[PDB]
Amino acid sequence: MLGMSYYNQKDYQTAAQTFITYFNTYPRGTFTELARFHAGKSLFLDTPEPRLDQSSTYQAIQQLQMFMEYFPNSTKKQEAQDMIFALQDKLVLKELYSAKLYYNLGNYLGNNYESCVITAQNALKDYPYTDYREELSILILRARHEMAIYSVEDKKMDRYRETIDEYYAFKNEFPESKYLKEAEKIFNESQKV
Amino acid sequence: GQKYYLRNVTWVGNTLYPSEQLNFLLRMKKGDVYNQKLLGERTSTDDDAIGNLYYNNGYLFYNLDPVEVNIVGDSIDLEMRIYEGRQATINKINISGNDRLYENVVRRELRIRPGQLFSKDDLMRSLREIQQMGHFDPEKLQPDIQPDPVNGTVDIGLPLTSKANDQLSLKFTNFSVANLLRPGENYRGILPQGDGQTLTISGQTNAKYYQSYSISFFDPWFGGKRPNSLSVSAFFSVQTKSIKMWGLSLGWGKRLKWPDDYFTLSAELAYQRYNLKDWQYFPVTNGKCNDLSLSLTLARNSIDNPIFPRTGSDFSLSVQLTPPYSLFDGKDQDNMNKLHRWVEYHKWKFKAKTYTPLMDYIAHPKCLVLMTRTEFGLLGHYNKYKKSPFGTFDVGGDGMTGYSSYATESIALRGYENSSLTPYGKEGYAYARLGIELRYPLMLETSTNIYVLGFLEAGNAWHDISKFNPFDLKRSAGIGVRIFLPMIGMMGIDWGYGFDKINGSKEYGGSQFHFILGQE
Amino acid sequence: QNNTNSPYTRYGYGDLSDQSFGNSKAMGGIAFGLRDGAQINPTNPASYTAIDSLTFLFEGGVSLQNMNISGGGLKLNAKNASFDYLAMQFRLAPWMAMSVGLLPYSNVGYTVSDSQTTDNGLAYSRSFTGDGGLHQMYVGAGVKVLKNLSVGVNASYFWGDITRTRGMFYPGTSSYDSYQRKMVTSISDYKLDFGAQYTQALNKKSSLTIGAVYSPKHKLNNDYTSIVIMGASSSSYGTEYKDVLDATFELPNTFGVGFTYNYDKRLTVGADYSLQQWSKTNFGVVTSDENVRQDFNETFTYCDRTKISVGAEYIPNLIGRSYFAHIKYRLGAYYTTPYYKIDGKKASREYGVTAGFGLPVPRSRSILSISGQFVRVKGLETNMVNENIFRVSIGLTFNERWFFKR
């Protein structure tokens, strides 16, 4: 048995590989849920900053999901539950930065404002219950109005009504929110048309 | 057992392109030998085939089938059956392998966008931009295209392979000032990496003949919102009674949209001061001199690989003024350390490289290339007598040797000793250099890259600008090799034979060796 | 001594270089009527309008040569190499194109020496050298005024320096002063060149073009000077007794005309004729020194130059999969009466035969134009030399998709 020594020295790679190789070669090795869950947190703790490669975070998600079904009896099911939530929020934060980048560049070569709305909508659909739903929704609203401004004169009223639909959808989703003031100026500009 | 006569050809399913144009692009006619690749290779493999003519235009939901009918006697009648789907919109872009570089840095240089329609030229251009950026390996890149026929969209996976660029001197290539002044969440003992910004420091600490300090910084996306860049640098140096030189500069670059979107304009403003007493290798001997210079440079760059290019070109046209104090703006050894409190000139340059493959390429990508070099320069003067003693050209040899000094511009001319064409009292105020090079690479890999070459060169320089003559050149030929190191720049070996005499003497010609370091 | 070693270059501006690019150099120099849109042609400015819409052309060339020189029973050979064109060309409108480039106009090169001994026992050696030339840098444009017809102009800076020396040295003598007179002619002025082309659509597949070119008579700004050096050596510069003179230099009226037939884009043939009115030019100098005056009047004197040339190129079955079906095959021959007047009579007469290729780069539209030439110059009087010169040339037309926009 070695993994816990590598875990105490914060060498998460060796700790992880000495734990997992032992409970892969035999379903519990001889350390059972302790090795599994130490390996899960060790794999979690190598997590990059939210805009690097992310390769270990998908692996962490699937490893914890498969832990929940190898040992559903464990008290560490909760300790994996909130961990997979934290990982999901980081994965969503990556997509949120992507959508923010497309809003920042804007109507530069290409379009990039239609890109912003579809990127953040993909975020909303791929991870339904994240914290960042408010930020994603307000980013949709801002990008909707931004596209409505610069569109061709035959095709502006439809973008305006899409913007007002997003306004009422944001109110339906969040009857109160810290971002309502800018939303309401967007509404007051678009409801005229 | 098969037939052998092409009796007719036919089309069904097409709407997007005219039937006669596809007859031409299929390159067939009735009354010709019946084959199969003759059709297939021209419909499903080659770059002008009909299938590619649909695929590259974003119509990826397609299929095709050569129908054979009237299989009688010697003949077959043929009908092209194809499917036109809906033009694919990009749904997602996934990028992986970026160990040490935020996605912010790379997604801003992509030419494709989520929500726009797919096209081959945009994808190829995006891969060219990534290759030229240099933070990833220029080889072994290929996109993982995945379509979805239910929603009718496509998502592109970009698997990338990383390499770190760093070399007394230091060449931090992905160093961030924002991460320096305010760490994100944990600096964790690491340098403040990211954002694609670059920092560089260099200097000599010999101190008994040479001493120097220098620093530079470059931000390719200033403000993080547009492709316009900021560049700043500064330097200082002693050399043994001594000579003192220091200065700094600030510049600003911008991508254009007029001829094409490859052109980049650059503007820069610079300051320098020279400090001397009882010094002797310059015409100036005692005093202090200044110069303010404004430079405009127009450049276009279209190559594929920085380290061993195989297609494209690199053109530059530059002009560098300093204000004309001799005119009414400023109006009024014998007196030469006089009147050069402020130095005056206007320097012009033209510089072009050309790369072509000579054996297809793409296939057997090791390839073989022919290069081409051309550069001209003029250091003009507003007034016949107040010619600048600083900024002159120095030519002959490796070129690197001249960076023991910073008041001149050193130009390699291969096969002629070092600084041979421009000795003391014959400083160069105009030059020309030309050359063919034929190159073959031995190895191209992530860590190290190797190639061998043979060359023909001609060049010259003049102390008097009015005697510029690009058809009277000192001529050379030879062979050489170069090495790119994992944690150092180039090192290479060049041999050259100088055929023609200099100033009536053959002493500097003949066999010569040059030892290149860093990068030309 | 970077373009010639022919001792005829002791007269006039040297020998005129033909600014014939890669295709014309193999095709005998038939450049007036040509509209080959894949390569550059500065010899007739109306040719620029043939360039494809999105393309940028950049071209330069190199020549290698071996000259066999013969006269009076003596035989010798000299070998040399040169740089002899460079240009850019691009399109500005559906009806206009522009080009900028750098060209030679004429070059000089000769060293011809001698060693002697008098009956009194004194040994002496003479040495007559020469160096320099005239050069041209140009900006030109061509426009379509009608669907068949194009016109264009070249405006050129025109500068150079020709230097010619005479020496008298006395090997073995302990201490003495050497005599050397170095006459130099710096020139800096401008040159104008005009041209037009017309194309006719014969028989629905062929086409026939005719072209003409013209440049007017001109008088040049210059700095003619008569230096005599005395006492120079391996250690000392001697003394220079300079002498500045009011000399007049000119360029003559020049005319040229030719045609090119073309078939199925597989075959082209054509022929050119040109004449330069050198004998109607007023060269001269004013001075009180007859020796100088005589030399000027004997070194700058001319006769009318004429040139006749014919050539062709053939490109067989360019859609079949075999590389020798993509290679342009070229041939030509030409005849010239050079402008040299030595004594009162005309000096020489020359002939040439040429052949070359058009090697294309696959997956590109660049062209490599290896070409070769044989030229014979025959002296028309017994005291003058004969030349057999062999030459091989390399030239790359670089061509990339340049002005494209989304």
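The rules behind the values
Residues numbered from 1 in each chain as written, not as in the entry; some residues may be left out. Chains lettered and ligands numbered in written order. Heavy atoms only, no water. Helix = DSSP H or I, 4+ residues; strand = E, 2+ residues; numbered from the N terminus. Buried < 20%, exposed > 50% of the residue type's maximum accessible area, 1.4 Å probe, protein only. Pairing = 2+ DSSP bridges. Contact = heavy atoms within 4.5 Å. 1 Å grid on protein atoms, 1.4 Å probe; cavity = no way out; pocket = protein on both sides within 12 Å on 5 of 7 lines; lining within 4 Å. Points joined across faces, edges and corners; volume = space filled by probe spheres on them. Nonpolar A, V, L, I, M, F, W, Y, C, P; charged D, E, K, R; others polar. Axes fitted to C-alpha atoms, helices over the stretch in contact; angles between N-to-C directions. Buried area = accessible area lost by both parts, 1.4 Å probe. Salt bridge = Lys/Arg side-chain N within 4 Å of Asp/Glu carboxyl O. Polar contact = N/O pair within 3.5 Å; in protein donor to acceptor, adjacent residues only side chain to side chain. Left-handed = near helix turned anticlockwise from the far one by under 90°. Arc of directions from axis to C-beta. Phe/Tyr/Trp six-rings, centres within 6.5 Å; stacked < 30°, edge-to-face > 60°. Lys NZ or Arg CZ within 6 Å of the ring centre and 35° of its normal.

Looking at the entry header, you'll see cryo-EM listed as the method and 3.46 Å as the resolution.

Peer 1: Help me get a handle on the overall build of chain B, residues and values and all.
Peer 2: The number of helices and strands found in chain B is 6 helices and 24 strands. Considered along the principal axes of its C-alpha atoms, chain B spans approximately 100 × 65 × 45 Å. Buried positions account for 45% of the 520 residues belonging to chain B.

Peer 1: Any chance you could break down the pairing of strand β17 (residues 369–380) of chain B for me, citing the residues and the numbers?
Peer 2: Residues and elements named next belong to chain B. Buried residues dominate β17, accounting for 11 of its 12 residues. As paired elements, strand β16 (residues 346–357) and β17 share 12 bridges and run antiparallel to each other. Residue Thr 354 lies in a different strand from β17, and its bridge partner there is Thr 372. Where β17 meets strand β20 (residues 430–444), 10 bridges bridge the pair, whose relative direction is antiparallel. Bridging from a neighbouring strand, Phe 376 pairs with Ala 432 of β20.

Peer 1: Summarise the environment of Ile 50 of chain B; cite the residues concerned and give the values.
Peer 2: All names here are of chain B. Note that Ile 50 resides in helix α3 (residues 50–55). Residues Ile 50 and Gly 40, 10 residues apart in the sequence, show an inter-C-alpha distance of 9.8 Å. Filtering out sequence-adjacent residues up to four positions away, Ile 50 remains in contact with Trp 11, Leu 22, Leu 25, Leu 26, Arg 42 and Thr 43.

Peer 1: I'd like a rundown of empty space enclosed by the protein, residues and numbers included.
Peer 2: Vacant regions in the atomic arrangement are exposed by a probe of water-molecule size rolled over the atoms. All names here are of chain C. Estimated volume of the largest cavity: approximately 780 Å³. Looking at the largest cavity, it is lined by 39 residues, and the ones nearest its centre are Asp 15, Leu 16, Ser 17, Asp 18 and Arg 391. The leading source of residues in the lining of the largest cavity is strand β3 (residues 74–93), at 5 residues. Residues that form the lining of the largest cavity fall into these classes: 13 nonpolar, 17 polar and 9 charged. Estimated volume of the second largest cavity: approximately 110 Å³.

Peer 1: Explain unusual backbone geometry residue by residue, including any values.
Peer 2: Across residues other than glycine, the phi torsion is negative in most instances, and most of the peptide bonds are trans. Residues and elements named next belong to chain B. The phi dihedral of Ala 207 is positive, around 70°, even though this residue is not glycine. Here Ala 207 shows up in the loop between β9 (198–204) and β10 (210–219). Residue classification places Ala 207 among the exposed positions, given a relative accessible area of 53%. Positioned with a positive phi, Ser 419 is a non-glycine residue whose angle comes to about 50°.

Peer 1: Before we move on, can you summarise the sheet that holds strand β9 (residues 218–220) of chain C with the specific residues and values?
Peer 2: Residues and elements named next belong to chain C. The 3 strands lie next to each other as β9-β12-β15, forming an open sheet whose pairing is antiparallel. This sheet does not close on itself; its edge strands, each paired only once, are β9 and β15 (284–286). Across this sheet, the average inter-strand angle for adjacent strands is 25°, counted without regard to direction. Strand direction decides the pairing type here: β9 and strand β12 (residues 246–251), joined by 3 bridges, are antiparallel. Bridged to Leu 220 within β12 is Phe 249. Relative to β15, helix α2 (residues 290–299) is tilted by about 170°, and along the sheet it contacts β12 and β15.

Peer 1: Let's hear about the interface of chain B and chain A: which residues, and what values?
Peer 2: Facing 22 residues of chain B, the contacting portion of chain A comprises 21 residues. Overall, the association of chain B and chain A removes approximately 2100 Å² of surface from exposure, summing both partners, and the carbon and sulfur fraction of that is 50%. Our count for the contact surface shared by chain B and chain A stands at 2 salt bridges. Note that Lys 94 of chain A and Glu 103 of chain B form a salt bridge whose closest N and O atoms lie 2.6 Å from each other. The interface formed by chain B and chain A includes 9 residue pairs in polar contact. For the side of chain B that touches chain A, the secondary-structure elements that each account for two or more residues are β5 (89–96) and α4 (103–107) of chain B. Here the side of chain B that touches chain A takes 4 residues from β5 of chain B, the largest share from any one element.

Peer 1: Break down the sheet that holds β5 of chain B for me, citing the residues and quoting the values.
Peer 2: All names here are of chain B. Read from one edge to the other, the open sheet built from 3 strands follows the order β5-β7-β6, with strand pairing classed as mixed. Edge positions in the sheet fall to β5 and β6 (144–148), since each has one partner strand and no second. The mean inter-strand angle of the sheet, taken between neighbouring strand axes irrespective of direction, is 15°. Where β6 and strand β7 (residues 153–159) come together, 5 bridges link them in antiparallel fashion. Across the sheet, the residue bridging to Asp 148 is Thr 153, located in β7.

Peer 1: Could you give an account of the packing of helix α8 (residues 157–173) of chain A against helix α9 (residues 180–190) of chain A, naming the residues involved and the relevant values?
Peer 2: Residues and elements named next belong to chain A. Look at α8 against α9: their axes get within 10 Å of each other, and the N-to-C directions meet at 145°. The handedness of the crossing between α8 and α9 comes out as left-handed. Facing α8, whose interface residues are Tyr 160, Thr 163, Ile 164, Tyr 167, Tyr 168, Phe 170 and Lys 171, α9 presents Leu 180, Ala 183, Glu 184, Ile 186, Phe 187 and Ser 190. A breakdown of the residues in the contact of α8 with α9 according to their chemical character gives 9 nonpolar, 2 polar and 2 charged.

Peer 1: Tell me what's going on with the pattern of salt bridges, and back it up with residues and numbers.
Peer 2: The final tally for this structure, using the stated rule, is 43 salt bridges over all chains. For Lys 25 of chain C, the salt bridge goes to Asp 84 of chain C, with nearest N and O atoms at 2.9 Å. Separated by 59 residues along the polypeptide, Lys 25 of chain C in helix α1 (residues 22–26) and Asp 84 of chain C in strand β3 bring together distant segments of the chain. Its relative accessible area of 8% is what places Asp 84 of chain C among the buried residues. Ionic contacts of the salt-bridge type, sharing partners, join the residues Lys 351, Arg 373, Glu 375, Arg 414, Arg 433, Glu 437, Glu 457, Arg 482, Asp 494 and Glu 520 of chain B into one network.

Peer 1: Summarise α9 of chain A; cite the residues concerned and give the values.
Peer 2: Residues and elements named next belong to chain A. Residues of α9 that are buried include every one of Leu 180, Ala 183, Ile 186, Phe 187 and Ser 190, and no others. Down the axis of α9, the sector holding all buried residues measures 115°, keeping them to one side. On its buried side, α9 packs onto α7 (133–150) and α8.

Peer 1: Give me the lowdown on the environment of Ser 47 of chain C, citing residues and values where you can.
Peer 2: Mapping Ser 47 of chain C onto the fold places it in the loop between α1 and β2 (55–71). With sequence-adjacent residues up to four places away left out, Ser 47 of chain C is seen in contact with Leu 34, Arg 35, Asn 41 and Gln 197 of chain C.

Peer 1: How would you explain the pairing of β9 of chain B if you had to name every residue and give the values?
Peer 2: Across a regular strand the side chains alternate sides, sitting on one face of the sheet and then on the other. All names here are of chain B. Examined bridge by bridge, strand β8 (residues 169–170) and β9 share 2 bridges and lie antiparallel to one another. From the neighbouring strand, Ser 169 faces β9, where its bridge partner is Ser 202. Bridge analysis of β9 against β10 gives 7 bridges, and the strand direction is antiparallel. Pairing of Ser 202 across the sheet is with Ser 214, part of β10.

Peer 1: Can you break down the packing of aromatic side chains residue by residue, with the values?
Peer 2: Going through the model one piece at a time under the given rule, you end up with 60 aromatic pairs over all chains. A centroid spacing of 5.4 Å and a plane angle of 10° characterise the contact between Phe 85 of chain A and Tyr 129 of chain A, whose relative ring orientation is stacked. One end of the pair, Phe 85 of chain A, is in helix α5 (residues 76–105); the other, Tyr 129 of chain A, is in the loop between α6 (113–126) and α7, with 44 residues separating them in the sequence. Overall, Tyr 129 of chain A belongs to the partly exposed group, its relative accessible area being 49%. Ring centres of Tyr 17 of chain B and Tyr 54 of chain B lie 5.0 Å apart, and the angle between their planes is 65°; on these two criteria the pair is classed as edge-to-face. One end of the pair, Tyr 17 of chain B, is in the loop between β1 (5–12) and α1 (19–26); the other, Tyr 54 of chain B, is in helix α3, with 37 residues separating them in the sequence. No difference in accessibility class separates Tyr 17 of chain B from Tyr 54 of chain B, as the two residues are buried. Feature note: the residues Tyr 8, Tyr 13, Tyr 224, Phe 249, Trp 278, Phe 283, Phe 296, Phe 300, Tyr 302, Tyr 339 and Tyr 340 of chain C constitute an aromatic cluster, connected by ring pairs. One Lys or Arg, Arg 300 of chain B, reaches over the ring of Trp 402 of chain C and ends 3.9 Å from the middle of that ring. A cation sits over an aromatic face here: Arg 10 of chain C above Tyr 11 of chain C, 5.7 Å from the ring centre.

Peer 1: Break down the interface of chain B and chain C for me, citing the residues and quoting the values.
Peer 2: Each side of the interface is counted separately: chain B has 32 residues, and chain C has 28 residues. Taken together, the two surfaces of chain B and chain C that pack against each other cover about 2700 Å², and 62% of this comes from carbon and sulfur. A per-residue breakdown of the area chain B buries against chain C is headed by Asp 360, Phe 471 and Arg 475 of chain B, which together make up 25% of the total. Counting every contact that joins chain B to chain C gives 2 salt bridges. Here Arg 300 of chain B makes a salt bridge to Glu 400 of chain C, at a shortest N to O gap of 3.2 Å. On the surface where chain B and chain C come into contact, there are 12 residue pairs in polar contact. Secondary structure elements with two or more residues in the side of chain B that touches chain C: β15 (313–321), β16 and β17 of chain B. Ranked by residues supplied to the side of chain B that touches chain C, first place goes to β16 of chain B with 5 residues. Split into classes, the residues belonging to the side of chain B that touches chain C amount to 17 nonpolar, 8 polar and 7 charged.

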